[PDB]
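Participant: I'd like to ask you about the structure that follows.
Cβ: placed from backbone, ideal geometry, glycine included. Neighbour counts: every protein chain shown. Each value in this text was obtained by applying a stated rule to the coordinates, not by laboratory testing.
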Amino acid sequence: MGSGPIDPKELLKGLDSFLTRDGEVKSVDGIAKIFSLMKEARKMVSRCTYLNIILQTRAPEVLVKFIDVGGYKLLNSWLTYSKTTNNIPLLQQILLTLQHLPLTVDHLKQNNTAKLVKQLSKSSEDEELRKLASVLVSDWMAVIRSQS
């Protein structure tokens, strides 16, 4: 009650019906609700709370539906944002959520995230993001070379 600190729990507890005890989304349309609050989450802390939910989500359909509603490209928008603003642990959160959802060869050849993240994996300052990048790049080149 009131407003002095930033309370992101108000958004997810008012919508607690679509959340679990674990913290994931119990129903695949709830993922579209999380995305709906996420795309307009005014602060870094609030939008990062939704990323944690995409990490908790164990279902294949919920992660694929997050991609389907344009969640993967929301991450691609914030990917360039967090790099230019030097938001290193925020960019990390976006990278580990990016690789947590099944980012297929299709998505790779549409958004071309592989060339962007390659610069981090090459010789960045951010050792955390660089090694994390080198993991997902090796995974992405694996699925690419197996297809074409």
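Participant: Can you compute the charge dipole magnitude of the chain about its Cα centre, using +1 on each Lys and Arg Cβ and -1 on each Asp and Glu Cβ, nothing else charged? Give it in debye, rounded to the nearest 20.
Facilitator: Around 300 debye, computed over the chain.
Participant: A follow-up question, please. Can you give the extra length, in nm with one decimal, that the chain gains between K109 and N87 once fully stretched, where that is 0.36 nm per residue apart less the Cα-Cα distance?
Facilitator: 5.3 nm
Participant: Could you list which residues have their amide H under 5 Å from that of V25, counting only those 5 or more apart in sequence or on another chain, with H placed in the peptide plane?
Facilitator: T57
Participant: What GluC sites (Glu not before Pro) does the range 74-148 have in DSSP loop regions with at most 11 other beta carbons within 10 Å?
Facilitator: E125
Participant: Can you work out the Karplus-derived ³J(HN,Hα) for every residue in the range 63-71? Use 6.51 cos²θ - 1.76 cosθ + 1.60 with θ = phi - 60°, whole Hz, and x for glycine or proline.
Facilitator: 6, 5, 6, 4, 5, 5, 7, x, x
Participant: Quick check: the distance between the Cα centres of the range 22-74 and the range 117-148, to the nearest angstrom?
Facilitator: Spelled out, the Cα-based centre of one part sits 23 Å from the other.
Participant: Cross-link candidates for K26: which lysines have Cα within less than 16 Å, leaving aside residues fewer than 8 places away along the same chain?
Facilitator: The qualifying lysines are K13, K65.
Participant: Oh, and also: Report the equivalent ellipsoid semi-axes for the chain in whole Å, largest first, defined as the square roots of five times the eigenvalues of the gyration tensor built from alpha carbon atoms. Before the final figure, lay out the partial values.
Facilitator: On the way: eigenvalues 150, 73, 27 Å².
Sorted largest first and rounded, they come to 27, 19, 12 Å.
Participant: Let me ask something additional. Which translational diffusion coefficient, to the nearest whole µm²/s, is obtained for the range 54-102 from the Stokes-Einstein equation, given a Kirkwood hydrodynamic radius over C-alpha pairs, 4 °C and 1.567 mPa s?
Facilitator: Roughly 117 µm²/s, to the nearest whole number.
Participant: Could you tell me which of the pairs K43/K115; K33/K109; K73/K115; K33/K83; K83/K115 are separated by over 22 angstrom between their Cα atoms in the structure shown?
Facilitator: On the way: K43/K115 28 Å; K33/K109 27 Å; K73/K115 15 Å; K33/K83 27 Å; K83/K115 14 Å.
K43/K115; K33/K109; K33/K83, as the Cα separations exceed 22 Å there.
Participant: For the range 16-32, take each phi angle, set θ = phi - 60°, evaluate the Karplus expression 6.51 cos²θ - 1.76 cosθ + 1.60, and give the result in whole Hz per residue in order, putting x for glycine and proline.
Facilitator: Values, residue by residue: 4, 3, 8, 9, 10, 5, 4, x, 7, 8, 6, 9, 4, 6, x, 4, 5 Hz.
Participant: In whole Hz, with x marking every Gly and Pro, tabulate ³J(HN,Hα) for the range 106-122 from phi via Karplus 6.51 cos²θ - 1.76 cosθ + 1.60, θ = phi - 60°.
Facilitator: 4, 4, 4, 7, 8, 7, 6, 5, 4, 6, 6, 6, 3, 5, 5, 4, 6
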